[PDB]
Each structure stands twice: as structure tokens, then as C-alpha cells.
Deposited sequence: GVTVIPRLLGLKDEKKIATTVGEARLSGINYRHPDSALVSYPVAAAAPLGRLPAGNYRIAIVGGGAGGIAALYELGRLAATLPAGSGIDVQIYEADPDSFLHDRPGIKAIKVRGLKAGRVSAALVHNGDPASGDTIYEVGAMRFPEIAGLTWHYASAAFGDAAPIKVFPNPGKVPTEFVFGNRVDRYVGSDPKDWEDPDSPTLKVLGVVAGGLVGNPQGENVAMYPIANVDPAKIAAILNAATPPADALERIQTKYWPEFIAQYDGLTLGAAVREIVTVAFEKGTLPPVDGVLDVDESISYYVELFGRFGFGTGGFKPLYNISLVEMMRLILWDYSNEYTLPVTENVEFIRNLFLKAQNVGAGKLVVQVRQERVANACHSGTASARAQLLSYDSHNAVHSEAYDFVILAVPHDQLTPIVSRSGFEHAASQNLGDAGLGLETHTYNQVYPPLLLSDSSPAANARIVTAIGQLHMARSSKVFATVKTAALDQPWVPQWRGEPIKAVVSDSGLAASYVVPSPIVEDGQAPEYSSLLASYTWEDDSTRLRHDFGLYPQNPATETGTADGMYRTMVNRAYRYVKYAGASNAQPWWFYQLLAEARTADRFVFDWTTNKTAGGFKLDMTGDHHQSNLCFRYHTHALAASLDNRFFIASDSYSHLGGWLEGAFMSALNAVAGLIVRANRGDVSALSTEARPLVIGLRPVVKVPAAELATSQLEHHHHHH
């Protein structure tokens, strides 16, 4: 039941509604332009040219094409990253980034004839990521081919935790080297306890609406559900799940599930010899390293159960590639499509400038101010009708948090501590303006943004001949070499990905893709930050040798007399010397890879997700919207950035229409009215 084209994936997920936005299918809302604007010549800024900002630009283009003769939209897009595709009309990165969609091209002097691509950020896309595939269809067409991402379990995989080794494909014991594996048994216990059954008895530990999550996922994905059922999920049942479980970590939930299974006898004592608590702990940690289909979630054990449950409902692990050589092409293509679809009514200019501050000021028609610095640190100020702040939360904080929380007669804004020039604004209000009369409302949005959790992440890459997989010491599953390795060696998750520039001579050896503490533990060895090599011609050889050295472990396989050094050490050492690489998102200006919510974080992230509803408060007249995966319930997915972009543009339309929701299309209106408003007073 594997999808083979963009269109097949698109249609698969077209219906799916996430539990915090259960009254709308975002793909359906995005099918037609989101609404209508009054006649005018608008001046809009988008800060950030990543997935969020470019999707927002695309939707603005669609709106622009609907405007009457004499009307139009001008967009200034600010993009600070010198490597952005926006500024481009051995390891090469220049022109190959669109924020956290980021490719590194490995070549030997001629970039048009490369060896492989490292996908440094986004790489694998859920089947039911309906908005993702909607935009992929706009970019590439429905007919374009897609492939199954080679996740652990999708290709032959070796798993190592402590003394346990497994070699497997999927979850059918017939496809496991050891069909009696305790790993496969604990997977069944934890999946049963978290997901349960779509039919029959409820067996999950943490019900939603008194039933297993699998049953709720089928309603959220229904090709037609009760409207009433969706409303009750939105307003009652998902909120009640949050109230109960937002304070429970994933790690705690796994331990509860394993404890009950152990007490029932479904899981036996480990070795026959560990005591009760040691056995439970062993299983918790074993599952921790194994995961849900994308490698161990041990490093993610501090996320709320609520956050994990979003991913469960979404069947997140069932993922595909894009029909591209480099994922940045998706975003580049959407940028071009935006301009095409505006039909001449959208004009776009790119600024290679870092925004330092946003505010509302003055008494002119355009009051939405941006203060920015160019690549030689010259200051620039511009006023706009509307602004979309399409940057993740730690990048947004300095822009929105340094102006205070209420009216100020005058402020000299900018990066004065850097020695840079400031600019005087008069009659100043915060950019994220939730009240004329509460500094606390203005402070709540800013403080929430600034305390969202950016998960840490890093990727270590090298280039290897694909034929290295045919060495006699590389294990096989039914004649196919092992191509994914999930391990407690410190590397966490490793992938031998065939080059997309093509059977390819080379593969991208994703030696280590780490999250959270797994990333922290490596970071001292990266050498140069955020990228080693920092130059096009260097190689991160010393760093990479420390990764090879982590793999230099004696591994015992069942039936063998003695342990020998792990074969995967030999595989890593087969990578060529040149083009060894690490990128540390943690030491990038993003301050990490992507948002993941901790216990208690729902209320912070959800405030951000609902922020665009400020447009309902007509007199407030707030001109700023936010658009990033940080302002979604899908941090770490293009789907989240795209949802947030859709929210931002929907809100912008309502604000341009002075609070009138009838300006949104029928299908888009629930983007605004299906959420609890962020402004209680005034109503609207």
C-alpha cells in the first residue's frame, strides 16, 4: 500500500486533521486562495526565506492574483543566511539552503558533476503530511515519483543496545533474525500500550475519548466524520487528554506501560536474573534505543506524552522522499511558483539583511516597522502594512522582546551592544500586540516564545562507495546489505543513503544523526561550529575519527564464540578521507534543530499556534503574524512550518479586512474560527 507518486501521498493525507486543529483539514483549506483582500497596493514584509516564509509568499501570490486592476502586493523578503538559495539567483553549501532544508553537495571541482548530497536538515516526509504533499504537488506535480525513506526497519537494519543485537526488517517476526527477540516483544507491548487497536477491545493505557488512540486517528483521517465528533475532539476530548497528560513525559509513560506488562507476565525477567526493577528498567531503555520507526526515542523521552501522541495519531514514521536531487529544490520551486501565480500582481524583492527589531510605531498608514542590518552592518529601517515573522523562536526572541510590553513615547532600537547603529522610533508599541491595555498579554506571548524548547540535533556525514556495502563483513538480510544501524554506541542512528545524483557509485554515509543528549554527548568532538569543515575544501577528519572510534566496540553475535570489533567500525572507516562533515544545528543561529514540547509546554506552543487569531480583534490593529514550525504542533516537520504559514496568511487576510472572517473562503475560515481566540477582549 506504498505510495509511489506525489499525488498518491497527497491524496492519502488530504483529510487528516491534527488534534489541536481538528475542525480543519489544512490541505482542504489550501486548495483555493485563502480569501480576499480589499483593493489596494499593499507593502508586506516576510522575515525569513525558509519553508514558512516561502509558503506564506506563495499564498500571498495566490491572493495577489485575485486583486483587481490597479491593485497589487509588494513583498520584501529578508533573508540573513548568506547560503540561502535566495541569494544565488569539496563540499558546497552556498545557494543550497532554505533555512533548515539544507543540502551539502559533495564534488571534486565541478559542482554540476557531484558525487552525493548530504541532507543536513529535513529529509523524510510522512505519507499523511497532507499540506507538505499539497505544496509538493504545486512544486512538482502529482505524477512526480517518490521513494520510501530508508528508515530503520524499512531497509535491513542492525540494532544494538547493551548486550542485545537484532537484525530485522519491519515488525513481522518472520523478518527478524531472532523471531523470539525481546526487542520485538517490548515493541509490541509499548505500541499496544500507546497506540492500541483500531478495532475491537481497547488495550491502550492512555485513552482519548475513552478509546484507543488508533480509533481516534481513524476519525481524524476520515474520508467523511461526524462534524460532531471532530468538535468534541477539538473542544472536549483532546483538551481533556492534555489536562491529564501534559505533565507526563514519554519516558514516564513507557515505564508505566512496561511495569504493567511485566506485572502481568507479558514481559519476562531479563536473563532470567535481573530483579523486577532492573528488568523493567532494561526494557524501558531497550525500547528507548529501538524506537517507533525512526530510531531510538530515548533522547526524546522528556517530551510530553501529548507531543508523542500527536505523532502516533499521524502515523508519523511512514515516510517518503521528495522528487529531487536536493530537498532545497522544493523550496526554490515554491518561491518561483509564488511569483508565477501572482500573475504580475505580486512583486518580490530579496534583502540580504538580518532583522534586529520589529515594532509598531508612528502615525502613518504603514506602522509595522523592521530594523535590519546588511552584510556590512549598515542599518536599515522600513515600514510595512503587514509583516510575517517567519523565523523560529530563538531567532524571533531578539526581534520581539527588547521593546517592552506597552506604549513608549520613543525608543532607540537596534543592536547597541554590538556597537551597531540604533534607530529612533516614536509612539512605539510591541510587534506581537495582543493588547492596547494589558502589558501582561503582550508579555505572555513574548515570554512563551522565548521559553519554547528547541531540540538539539547534529548530523555527521561522509562519502562512501556504495560497493563498500558488498564487503564480506557487511551483514546481509535475504541477500540485501544492512543500510540502517540504530545503536547505543553514541552514534544513535546511522544511514547509508544512495546518492541521489544518478545504482550510484557513492552513498551519503549519515554516520550519526543525533537528538538532545545524544547530540550533547558528541558536541565536544566537532572541532568547528556549526560546520566542520567551515570551508568548501576542508575535511572534518579528526572529528570523524572520533565517531569511527565510538564504533570500535567488541560486539557479540549469537552463536559466535567470541566478540570482534563491530563491523560497522569497518564500514565507517571505508568512507573516503575528503568530505568528512558535521553540522551542529545546536550551534547554528537557530540554537537547535526544531521545537519539541516538554511537559507543560503545550500552553506555550498552543498560544503561538493560535496567535494569528488576534486578527479577530478589530480595533487592536496588530500587523504582525508568525510563521514557523516553532509556532505549530508539528515542530520538526515541514508540515508544522506550512501550517503556521497558512495560519499567518489567514490571519493577515482577516486583519486586512478589519476583523471580518467572511473574507476568508468557506474552506479556510476554520483556520481562524476553529481555534480558541487569543484575545478574549475584545470579542469577534
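S.K.: Numbering from 1, run down the deposited sequence and write out every stretch that has no C-alpha in the structure.
M.R.: Model skips 1-15, 105-108, 522-525, 708-721 of the deposited chain.
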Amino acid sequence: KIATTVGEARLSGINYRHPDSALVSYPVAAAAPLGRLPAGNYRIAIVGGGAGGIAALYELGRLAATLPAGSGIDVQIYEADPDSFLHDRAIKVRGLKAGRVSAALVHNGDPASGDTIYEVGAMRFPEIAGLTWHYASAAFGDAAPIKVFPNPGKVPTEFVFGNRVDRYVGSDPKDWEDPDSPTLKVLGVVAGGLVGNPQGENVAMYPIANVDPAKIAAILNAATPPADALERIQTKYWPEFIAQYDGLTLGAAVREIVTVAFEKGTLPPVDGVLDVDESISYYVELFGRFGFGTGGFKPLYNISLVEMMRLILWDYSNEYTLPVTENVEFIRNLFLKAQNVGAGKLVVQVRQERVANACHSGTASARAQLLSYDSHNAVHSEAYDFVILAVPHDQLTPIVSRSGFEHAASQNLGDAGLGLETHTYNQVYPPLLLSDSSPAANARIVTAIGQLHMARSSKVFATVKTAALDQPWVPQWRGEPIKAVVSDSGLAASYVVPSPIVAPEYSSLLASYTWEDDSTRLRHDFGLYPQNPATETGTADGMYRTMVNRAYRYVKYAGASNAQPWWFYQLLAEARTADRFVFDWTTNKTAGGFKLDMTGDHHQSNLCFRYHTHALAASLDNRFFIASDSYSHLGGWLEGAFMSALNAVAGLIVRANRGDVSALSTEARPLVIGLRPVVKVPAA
From here on, numbers count along this sequence of modelled residues.
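What we label the rigid core is the largest C-alpha set whose atoms superpose within 1.5 Å from one form to the other.
S.K.: So which moves more in 5 other deposited structures of this protein by CA, 201-209 or 98-106, given a superposition on the core?
M.R.: Relative to the shown form, the greater RMS C-alpha distance in 5 other deposited structures of this protein belongs to 98-106.
S.K.: After fitting on the rigid core, pick out whichever of 461-469 or 610-618 shows the bigger RMS C-alpha deviation in 5 other deposited structures of this protein.
M.R.: The answer is 461-469, which departs more from the shown form in 5 other deposited structures of this protein.
S.K.: Read off the CA B-factors in the entry, average them over 376-384 and over 118-126, and name the higher stretch.
M.R.: Higher mean C-alpha B-factor in the PDB entry: 376-384.
S.K.: What stretch has the higher average Cα B-factor here, 432-440 or 155-163?
M.R.: On average, C-alpha B-factors are higher across 432-440.
S.K.: At the C-alpha atoms, which of 281, 210, 549, 494 reaches the highest B-factor in this entry?
M.R.: Max CA B-factor in the entry, restricted to 281, 210, 549, 494: 210.
S.K.: Compare the CA B factors listed in the entry for 597, 329, 319, 201 and report the winner.
M.R.: In this record, 201 carries the highest C-alpha B-factor of the candidates.
S.K.: Taking the entry's C-alpha B-factors for this chain, is residue 113 in the lowest, middle or highest third?
M.R.: As the PDB entry reports it, the C-alpha B-factor of residue 113 lands in the highest third of its chain.
S.K.: Can you tell me whether residue 92 has a C-alpha B-factor in the lowest, middle or highest third compared with the other modelled residues of the same chain?
M.R.: Within its chain, residue 92 is a middle-third residue by C-alpha B-factor, going by the deposited values.
S.K.: Would the CA B-factor of residue 270 place it in the lowest, middle or highest third of its chain?
M.R.: Highest third.
S.K.: Based on the entry's values, in what third of the chain does the Cα temperature factor of residue 622 lie: lowest, middle or highest?
M.R.: For residue 622, whose C-alpha B-factor we compare with every modelled residue in the chain, the answer is the middle third.
S.K.: Among the modelled residues of its chain, does the C-alpha B-factor of residue 542 lie in the lowest, middle or highest third?
M.R.: Ranked within chain, residue 542 CA B lands in the middle tercile.
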